[PDB]
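Novice: Provided herewith: upload.csv, CSV, C-alpha atoms and all ligand atoms.
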chain,number,residue,atom,x,y,z
Y,840,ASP,CA,-4.6,-16.2,29.8
Y,841,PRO,CA,-2.7,-14.8,26.6
Y,842,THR,CA,-5.9,-14.0,24.5
Y,843,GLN,CA,-7.2,-12.1,27.6
Y,844,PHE,CA,-5.9,-8.5,27.5
Y,845,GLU,CA,-6.3,-6.0,30.4
Y,846,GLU,CA,-7.5,-2.6,29.0
Y,847,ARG,CA,-5.4,-0.5,31.6
Y,848,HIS,CA,-2.1,-2.1,30.2
Y,849,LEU,CA,-2.8,-1.0,26.5
Y,850,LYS,CA,-0.7,2.1,25.7
Y,851,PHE,CA,-1.9,4.2,22.7
Y,852,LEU,CA,0.9,4.6,20.2
Y,853,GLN,CA,-0.7,5.9,16.9
Y,854,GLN,CA,-4.0,5.9,14.8
Y,855,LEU,CA,-3.9,3.3,12.0
Y,856,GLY,CA,-7.3,3.6,10.3
Y,857,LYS,CA,-10.8,5.1,10.7
Y,858,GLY,CA,-13.7,3.1,9.5
Y,859,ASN,CA,-17.5,3.3,9.1
Y,860,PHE,CA,-18.3,2.3,12.8
Y,861,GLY,CA,-14.9,2.2,14.4
Y,862,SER,CA,-11.1,2.7,14.4
Y,863,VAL,CA,-7.8,0.8,14.5
Y,864,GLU,CA,-4.9,1.9,16.8
Y,865,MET,CA,-1.3,0.7,17.2
Y,866,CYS,CA,-0.9,-0.1,20.9
Y,867,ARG,CA,1.8,-1.5,23.2
Y,868,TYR,CA,0.4,-4.2,25.5
Y,869,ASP,CA,2.7,-3.3,28.4
Y,870,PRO,CA,1.7,-4.9,31.8
Y,871,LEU,CA,5.2,-4.1,33.1
Y,872,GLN,CA,5.1,-0.3,32.4
Y,873,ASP,CA,8.7,-0.5,31.0
Y,874,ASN,CA,7.9,-0.1,27.3
Y,875,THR,CA,9.1,-3.7,26.5
Y,876,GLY,CA,5.6,-5.0,25.8
Y,877,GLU,CA,4.2,-6.4,22.5
Y,878,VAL,CA,3.0,-4.0,19.8
Y,879,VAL,CA,-0.5,-5.0,18.6
Y,880,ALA,CA,-3.3,-3.6,16.4
Y,881,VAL,CA,-6.5,-2.7,18.3
Y,882,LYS,CA,-9.9,-2.3,16.7
Y,883,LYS,CA,-12.6,-0.5,18.7
Y,884,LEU,CA,-16.0,1.1,18.0
Y,885,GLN,CA,-16.4,4.9,17.7
Y,886,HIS,CA,-20.2,4.5,18.2
Y,887,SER,CA,-20.7,1.4,20.4
Y,888,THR,CA,-24.5,1.1,20.1
Y,889,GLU,CA,-26.3,-2.2,20.9
Y,890,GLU,CA,-26.6,-3.2,17.2
Y,891,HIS,CA,-22.9,-2.2,16.4
Y,892,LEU,CA,-21.6,-4.2,19.4
Y,893,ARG,CA,-23.6,-7.2,18.2
Y,894,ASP,CA,-22.2,-6.9,14.7
Y,895,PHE,CA,-18.7,-6.3,16.1
Y,896,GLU,CA,-18.9,-9.4,18.3
Y,897,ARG,CA,-19.8,-11.4,15.1
Y,898,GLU,CA,-16.7,-9.9,13.3
Y,899,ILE,CA,-14.5,-11.0,16.3
Y,900,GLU,CA,-15.9,-14.6,16.1
Y,901,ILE,CA,-15.3,-14.6,12.2
Y,902,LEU,CA,-11.6,-13.5,12.6
Y,903,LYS,CA,-11.0,-15.9,15.5
Y,904,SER,CA,-12.2,-18.8,13.3
Y,905,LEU,CA,-9.8,-18.0,10.5
Y,906,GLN,CA,-6.2,-19.4,10.5
Y,907,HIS,CA,-4.4,-18.8,7.1
Y,908,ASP,CA,-1.1,-17.2,6.2
Y,909,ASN,CA,-2.9,-14.5,4.2
Y,910,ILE,CA,-5.5,-13.5,6.8
Y,911,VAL,CA,-4.7,-11.1,9.6
Y,912,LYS,CA,-4.1,-13.0,12.9
Y,913,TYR,CA,-6.6,-12.6,15.8
Y,914,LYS,CA,-4.8,-12.3,19.1
Y,915,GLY,CA,-7.6,-11.7,21.6
Y,916,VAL,CA,-10.3,-9.5,23.1
Y,917,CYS,CA,-10.6,-6.7,25.8
Y,918,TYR,CA,-13.8,-6.4,27.8
Y,919,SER,CA,-14.8,-3.2,29.6
Y,920,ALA,CA,-16.8,-3.4,32.9
Y,921,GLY,CA,-20.6,-2.6,32.8
Y,922,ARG,CA,-21.9,-1.9,29.2
Y,923,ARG,CA,-19.4,-4.5,27.9
Y,924,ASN,CA,-17.5,-2.5,25.2
Y,925,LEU,CA,-15.2,-4.6,23.1
Y,926,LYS,CA,-11.7,-4.2,21.7
Y,927,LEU,CA,-10.4,-6.6,19.1
Y,928,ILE,CA,-6.6,-7.4,19.5
Y,929,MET,CA,-4.8,-8.4,16.4
Y,930,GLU,CA,-1.2,-8.7,15.0
Y,931,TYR,CA,0.3,-5.4,13.9
Y,932,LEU,CA,1.4,-5.6,10.2
Y,933,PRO,CA,4.0,-2.8,10.0
Y,934,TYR,CA,3.9,-1.9,6.3
Y,935,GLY,CA,0.3,-0.7,6.4
Y,936,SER,CA,-2.3,-1.2,3.7
Y,937,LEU,CA,-1.5,-2.5,0.3
Y,938,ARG,CA,-3.2,0.6,-1.2
Y,939,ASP,CA,-0.8,3.0,0.6
Y,940,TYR,CA,2.2,0.7,0.1
Y,941,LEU,CA,1.6,0.5,-3.7
Y,942,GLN,CA,0.8,4.2,-4.0
Y,943,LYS,CA,4.2,4.9,-2.2
Y,944,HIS,CA,6.5,2.6,-4.2
Y,945,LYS,CA,4.5,2.6,-7.5
Y,946,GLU,CA,6.3,0.9,-10.5
Y,947,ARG,CA,9.2,0.0,-8.2
Y,948,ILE,CA,7.0,-3.1,-7.4
Y,949,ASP,CA,7.2,-5.1,-10.6
Y,950,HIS,CA,4.5,-7.3,-12.3
Y,951,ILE,CA,6.1,-10.5,-10.8
Y,952,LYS,CA,5.6,-9.0,-7.2
Y,953,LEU,CA,2.1,-7.7,-7.9
Y,954,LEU,CA,1.3,-11.3,-9.0
Y,955,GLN,CA,2.8,-12.8,-5.8
Y,956,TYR,CA,0.3,-10.5,-3.9
Y,957,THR,CA,-2.5,-11.4,-6.3
Y,958,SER,CA,-1.9,-15.2,-5.6
Y,959,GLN,CA,-1.8,-14.5,-1.8
Y,960,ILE,CA,-5.2,-12.6,-1.9
Y,961,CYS,CA,-6.8,-15.4,-4.0
Y,962,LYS,CA,-5.6,-18.0,-1.5
Y,963,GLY,CA,-6.9,-16.0,1.5
Y,964,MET,CA,-10.3,-15.6,-0.3
Y,965,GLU,CA,-10.4,-19.3,-1.3
Y,966,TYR,CA,-9.9,-20.3,2.3
Y,967,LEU,CA,-12.6,-17.7,3.5
Y,968,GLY,CA,-15.0,-19.4,1.0
Y,969,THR,CA,-14.4,-22.9,2.6
Y,970,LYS,CA,-16.0,-21.4,5.8
Y,971,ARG,CA,-18.9,-20.0,3.8
Y,972,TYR,CA,-17.9,-16.4,4.7
Y,973,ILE,CA,-18.6,-13.5,2.2
Y,974,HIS,CA,-16.1,-10.7,2.6
Y,975,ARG,CA,-18.2,-8.0,0.8
Y,976,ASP,CA,-15.4,-5.4,1.1
Y,977,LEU,CA,-12.4,-6.7,-0.8
Y,978,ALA,CA,-10.3,-3.7,-1.9
Y,979,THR,CA,-6.5,-2.8,-1.6
Y,980,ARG,CA,-7.4,-0.5,1.3
Y,981,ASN,CA,-8.5,-3.7,3.3
Y,982,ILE,CA,-5.4,-5.7,2.5
Y,983,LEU,CA,-2.3,-5.3,4.8
Y,984,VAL,CA,1.4,-5.7,4.1
Y,985,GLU,CA,3.3,-7.9,6.6
Y,986,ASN,CA,6.6,-7.4,4.6
Y,987,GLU,CA,7.7,-7.2,0.9
Y,988,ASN,CA,6.9,-10.9,0.4
Y,989,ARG,CA,3.5,-11.3,2.2
Y,990,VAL,CA,0.1,-9.6,2.3
Y,991,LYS,CA,-3.0,-10.5,4.4
Y,992,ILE,CA,-6.7,-9.8,4.1
Y,993,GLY,CA,-8.0,-7.5,6.8
Y,994,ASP,CA,-11.2,-5.7,7.8
Y,995,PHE,CA,-13.9,-8.3,8.2
Y,996,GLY,CA,-16.4,-5.5,9.3
Y,997,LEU,CA,-18.8,-6.2,6.4
Y,998,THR,CA,-18.3,-10.0,6.4
Y,999,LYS,CA,-21.4,-12.2,6.2
Y,1000,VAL,CA,-22.0,-15.9,6.9
Y,1001,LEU,CA,-24.1,-17.7,4.2
Y,1002,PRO,CA,-27.3,-19.3,5.5
Y,1003,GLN,CA,-27.1,-23.2,5.6
Y,1004,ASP,CA,-29.5,-23.5,2.6
Y,1005,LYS,CA,-28.5,-20.7,0.3
Y,1006,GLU,CA,-25.4,-19.6,-1.8
Y,1007,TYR,CA,-26.1,-15.9,-1.3
Y,1008,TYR,CA,-26.7,-13.5,1.6
Y,1009,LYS,CA,-29.2,-10.7,1.1
Y,1010,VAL,CA,-28.6,-7.4,3.1
Y,1011,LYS,CA,-32.0,-5.9,3.9
Y,1012,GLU,CA,-30.9,-2.4,5.1
Y,1013,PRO,CA,-27.4,-1.6,3.8
Y,1014,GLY,CA,-25.1,0.8,5.6
Y,1015,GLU,CA,-22.1,2.5,3.9
Y,1016,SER,CA,-21.4,0.3,0.8
Y,1017,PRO,CA,-18.3,0.3,-1.5
Y,1018,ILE,CA,-20.5,0.5,-4.7
Y,1019,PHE,CA,-17.6,0.9,-7.1
Y,1020,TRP,CA,-16.3,-2.6,-6.1
Y,1021,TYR,CA,-19.9,-4.2,-6.2
Y,1022,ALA,CA,-21.2,-6.9,-8.5
Y,1023,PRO,CA,-24.4,-5.8,-10.5
Y,1024,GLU,CA,-26.6,-8.2,-8.4
Y,1025,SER,CA,-25.2,-6.7,-5.2
Y,1026,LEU,CA,-26.2,-3.2,-6.5
Y,1027,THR,CA,-29.7,-4.3,-7.8
Y,1028,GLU,CA,-30.8,-6.9,-5.2
Y,1029,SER,CA,-28.2,-6.6,-2.4
Y,1030,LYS,CA,-27.2,-10.2,-2.9
Y,1031,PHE,CA,-23.7,-11.2,-1.9
Y,1032,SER,CA,-22.0,-14.5,-2.6
Y,1033,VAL,CA,-18.5,-16.0,-3.3
Y,1034,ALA,CA,-19.2,-14.9,-6.9
Y,1035,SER,CA,-19.7,-11.2,-5.9
Y,1036,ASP,CA,-16.4,-11.4,-3.9
Y,1037,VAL,CA,-14.8,-12.8,-7.2
Y,1038,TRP,CA,-16.2,-9.6,-9.0
Y,1039,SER,CA,-14.5,-7.5,-6.2
Y,1040,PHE,CA,-11.3,-9.4,-6.6
Y,1041,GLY,CA,-11.3,-8.3,-10.3
Y,1042,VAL,CA,-11.5,-4.7,-9.1
Y,1043,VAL,CA,-8.5,-5.4,-6.7
Y,1044,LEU,CA,-6.5,-6.8,-9.7
Y,1045,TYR,CA,-7.4,-3.6,-11.6
Y,1046,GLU,CA,-6.3,-1.5,-8.5
Y,1047,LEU,CA,-2.9,-3.3,-8.3
Y,1048,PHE,CA,-2.2,-2.8,-12.0
Y,1049,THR,CA,-3.1,1.0,-12.0
Y,1050,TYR,CA,-0.5,1.3,-9.2
Y,1051,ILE,CA,-3.2,3.4,-7.3
Y,1052,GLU,CA,-2.9,6.3,-9.8
Y,1053,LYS,CA,-5.6,8.7,-8.3
Y,1054,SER,CA,-7.2,9.7,-11.7
Y,1055,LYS,CA,-7.5,5.9,-12.5
Y,1056,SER,CA,-9.3,4.7,-9.3
Y,1057,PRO,CA,-12.5,2.7,-9.7
Y,1058,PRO,CA,-14.6,5.7,-8.3
Y,1059,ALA,CA,-12.9,8.2,-10.7
Y,1060,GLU,CA,-13.3,6.0,-13.7
Y,1061,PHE,CA,-16.9,4.8,-13.1
Y,1062,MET,CA,-17.9,8.5,-12.4
Y,1063,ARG,CA,-16.3,9.5,-15.7
Y,1064,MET,CA,-18.2,6.8,-17.5
Y,1065,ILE,CA,-21.6,7.6,-16.0
Y,1066,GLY,CA,-20.9,11.4,-16.0
Y,1067,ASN,CA,-19.5,13.5,-13.1
Y,1068,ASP,CA,-22.9,15.4,-12.9
Y,1069,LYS,CA,-24.5,12.2,-11.3
Y,1070,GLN,CA,-25.1,12.6,-7.6
Y,1071,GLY,CA,-26.4,10.5,-4.6
Y,1072,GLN,CA,-28.8,7.7,-5.5
Y,1073,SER,CA,-28.6,8.6,-9.3
Y,1074,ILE,CA,-24.9,7.3,-9.3
Y,1075,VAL,CA,-26.2,3.8,-8.3
Y,1076,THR,CA,-29.0,3.9,-11.0
Y,1077,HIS,CA,-26.5,4.9,-13.7
Y,1078,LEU,CA,-23.8,2.5,-12.5
Y,1079,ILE,CA,-26.3,-0.4,-12.7
Y,1080,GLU,CA,-27.3,0.6,-16.3
Y,1081,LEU,CA,-23.6,1.0,-17.3
Y,1082,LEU,CA,-22.6,-2.5,-16.0
Y,1083,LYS,CA,-25.7,-4.1,-17.7
Y,1084,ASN,CA,-24.6,-2.6,-21.0
Y,1085,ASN,CA,-21.0,-4.0,-20.5
Y,1086,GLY,CA,-19.4,-0.7,-19.4
Y,1087,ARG,CA,-16.3,-1.8,-17.5
Y,1088,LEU,CA,-13.1,-0.3,-16.0
Y,1089,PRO,CA,-10.5,0.0,-18.9
Y,1090,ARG,CA,-7.3,-2.0,-19.2
Y,1091,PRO,CA,-4.6,-0.3,-17.0
Y,1092,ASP,CA,-1.7,1.2,-18.9
Y,1093,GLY,CA,1.0,-1.5,-19.5
Y,1094,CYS,CA,-1.1,-4.3,-17.9
Y,1095,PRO,CA,-0.3,-7.8,-19.4
Y,1096,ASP,CA,-3.0,-9.3,-21.6
Y,1097,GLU,CA,-3.3,-12.5,-19.6
Y,1098,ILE,CA,-4.0,-10.4,-16.4
Y,1099,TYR,CA,-6.5,-8.1,-18.0
Y,1100,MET,CA,-8.4,-11.3,-19.3
Y,1101,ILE,CA,-8.6,-12.4,-15.7
Y,1102,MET,CA,-10.2,-9.0,-14.6
Y,1103,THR,CA,-12.7,-9.1,-17.4
Y,1104,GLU,CA,-13.7,-12.8,-16.6
Y,1105,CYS,CA,-14.3,-11.7,-12.9
Y,1106,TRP,CA,-16.5,-8.9,-14.2
Y,1107,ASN,CA,-19.1,-11.2,-15.9
Y,1108,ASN,CA,-22.8,-10.2,-15.5
Y,1109,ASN,CA,-23.6,-13.9,-15.4
Y,1110,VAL,CA,-22.8,-14.9,-11.7
Y,1111,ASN,CA,-22.2,-18.6,-12.6
Y,1112,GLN,CA,-19.7,-17.8,-15.3
Y,1113,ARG,CA,-17.3,-16.0,-13.0
Y,1114,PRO,CA,-14.1,-18.0,-12.2
Y,1115,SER,CA,-13.6,-19.7,-8.8
Y,1116,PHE,CA,-10.8,-18.6,-6.3
Y,1117,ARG,CA,-9.3,-22.1,-6.5
Y,1118,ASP,CA,-8.9,-21.7,-10.4
Y,1119,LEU,CA,-7.7,-18.0,-10.0
Y,1120,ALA,CA,-4.9,-19.0,-7.7
Y,1121,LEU,CA,-3.9,-21.9,-10.1
Y,1122,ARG,CA,-4.0,-19.5,-13.1
Y,1123,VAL,CA,-2.0,-16.7,-11.4
Y,1124,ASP,CA,0.6,-19.2,-10.1
Y,1125,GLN,CA,1.0,-20.5,-13.7
Y,1126,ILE,CA,1.4,-16.9,-15.0
Y,1127,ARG,CA,4.1,-16.2,-12.3
Y,1128,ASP,CA,5.8,-19.5,-13.3
Y,1129,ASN,CA,5.8,-18.5,-17.0
Y,1130,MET,CA,7.1,-15.0,-16.1
Y,1131,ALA,CA,10.0,-16.5,-14.0
Y,1201,LIG,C1,-6.9,-0.5,9.1
Y,1201,LIG,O1,-5.7,-1.1,9.5
Y,1201,LIG,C2,-5.7,-2.4,10.0
Y,1201,LIG,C3,-6.9,-3.1,10.1
Y,1201,LIG,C4,-6.9,-4.3,10.8
Y,1201,LIG,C5,-8.2,-5.2,10.8
Y,1201,LIG,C6,-9.4,-4.6,11.2
Y,1201,LIG,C7,-10.5,-5.4,11.4
Y,1201,LIG,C8,-10.4,-6.8,11.1
Y,1201,LIG,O2,-11.5,-7.6,11.2
Y,1201,LIG,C9,-9.2,-7.3,10.7
Y,1201,LIG,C10,-8.1,-6.5,10.5
Y,1201,LIG,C11,-5.7,-4.8,11.3
Y,1201,LIG,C12,-4.5,-4.1,11.1
Y,1201,LIG,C13,-3.2,-4.6,11.5
Y,1201,LIG,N1,-2.1,-3.9,11.3
Y,1201,LIG,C14,-2.2,-2.7,10.7
Y,1201,LIG,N2,-1.1,-2.0,10.5
Y,1201,LIG,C15,-0.9,-0.7,9.9
Y,1201,LIG,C16,-1.8,0.2,9.3
Y,1201,LIG,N3,-1.3,1.3,8.9
Y,1201,LIG,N4,0.0,1.1,9.2
Y,1201,LIG,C17,1.0,2.2,8.9
Y,1201,LIG,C18,0.3,0.0,9.8
Y,1201,LIG,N5,-3.4,-2.1,10.2
Y,1201,LIG,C19,-4.5,-2.9,10.5
Can the structure in the file be given as structure tokens, please?
Ligand SMILES: COc1cc(-c2ccc(O)cc2)cc2cnc(Nc3cnn(C)c3)nc12
Specialist:
Amino acid sequence: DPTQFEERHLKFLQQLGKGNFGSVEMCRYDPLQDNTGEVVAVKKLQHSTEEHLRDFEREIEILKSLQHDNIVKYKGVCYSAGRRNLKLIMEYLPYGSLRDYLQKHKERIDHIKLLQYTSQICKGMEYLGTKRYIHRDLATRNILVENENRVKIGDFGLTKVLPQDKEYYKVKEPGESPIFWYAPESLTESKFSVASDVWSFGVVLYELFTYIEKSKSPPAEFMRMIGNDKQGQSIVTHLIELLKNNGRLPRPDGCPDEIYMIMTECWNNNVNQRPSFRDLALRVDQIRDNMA
């Protein structure tokens, strides 16, 4: 009954985000037509092909199986008659993405606060790992802000389930890929694992401590390091060679030494040497404790 949402009762309120394959809208589920209904986040496909609907149904099952304080809450699904188009209903987190929230308030969010968000992201990621899911798209644009004290991981659109017998998932024909957040083995061999999500987490830590200063973004900085003249496939070729030669994002201005050390450990070329999310949450909570 409650996880079953009638499409005719969903009132469009505003556009929240546009993705690779779909979009997120803020809607009011109002089966009384008196504007007293619940506000929800609705994800739908812009191009609802057979393949996209199959991947979207997988994302829906992934989200429904996760129950953690730092993972967006699944609410339900809408089904259309005939071709069976799907809408994913979720809780609406009113402060928007962490990227936009941090870009808006900048240094008004102190290091203690950025570390509280860091800890929350590690715990969400650690929990994800227990289900053998690989996020593949961890970035501040995919983290949502519930309120000043809580962030949650969103956009499971690229998420993969590890096979029973392997610790990595190989993507045979990649679609749009966030290469500036990718581990070297993800760029070279299209292999994704808990360890490549740890690499991404290091880029998220970098994002947080740059306060989303446009000129300092991972695409602007990697582009500067490989040369702005690089285009299309040549960018991937030069990024791989850069990472292999220990080219890395710089320390963000005013970033504490203990935090920058964590980023650099996440960015190890040796997959086995990268820290675990269980250890990261422990280390971050110790740093917050020392800071307090
Ligand atoms: C892209 O935005 C969102 C994405 C998802 C999402 C999508 C797919 C998925 O598997 C899991 C979560 C959920 C969202 C929930 N609440 C908001 N709120 C918001 C956004 N902007 N502003 C101003 C308030 N945004 C959300």
Novice: All residues within 8 Å of ligand LIG 1201 (chain Y) are required, counting all atoms listed in the file; please report them as a ChimeraX atom specification.
Specialist: /Y:854-858,862-865,879-882,898-899,902,911-913,927,929-936,980-981,983-984,992-996
Novice: Within 7 Å of range 1019-1026 of chain Y, counting all atoms listed in the file, which residues qualify if same-chain residues fewer than 4 places away don't, as a ChimeraX atom specification?
Specialist: /Y:1030-1031,1035,1038-1039,1042,1057-1058,1079,1082,1108
Novice: Rank nothing, just name the residue among Y:906, Y:1043, Y:1111, Y:1072 nearest to residue 1006 in chain Y, using all atoms listed in the file.
Specialist: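 Closest to residue 1006 in chain Y of all the choices is Y:1111.
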Novice: In Å, rounded to a single decimal, give me how far CA of residue 918 in chain Y is from CA of residue 904 in chain Y.
Specialist: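 If I compute the distance from CA of residue 904 in chain Y to CA of residue 918 in chain Y, I get 19.1 Å.
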Novice: Excluding same-chain residues fewer than 3 positions from residue 962 in chain Y, what lies within 9 Å of it counting all atoms listed in the file, as a list in words?
Specialist: residues 907, 908, 909, 957, 958, 959, 965, 966, 967, 1116, 1117, 1119 and 1120 of chain Y
Novice: Using C-alpha atoms, can you write the selected residues to a file as a tab-separated table (two decimals), in the coordinates of the input?
Specialist:
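Result went into selection.tsv, see below:
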chain	number	residue	atom	x	y	z
Y	907	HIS	CA	-4.40	-18.80	7.10
Y	908	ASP	CA	-1.10	-17.20	6.20
Y	909	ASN	CA	-2.90	-14.50	4.20
Y	957	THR	CA	-2.50	-11.40	-6.30
Y	958	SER	CA	-1.90	-15.20	-5.60
Y	959	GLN	CA	-1.80	-14.50	-1.80
Y	965	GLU	CA	-10.40	-19.30	-1.30
Y	966	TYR	CA	-9.90	-20.30	2.30
Y	967	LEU	CA	-12.60	-17.70	3.50
Y	1116	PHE	CA	-10.80	-18.60	-6.30
Y	1117	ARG	CA	-9.30	-22.10	-6.50
Y	1119	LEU	CA	-7.70	-18.00	-10.00
Y	1120	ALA	CA	-4.90	-19.00	-7.70
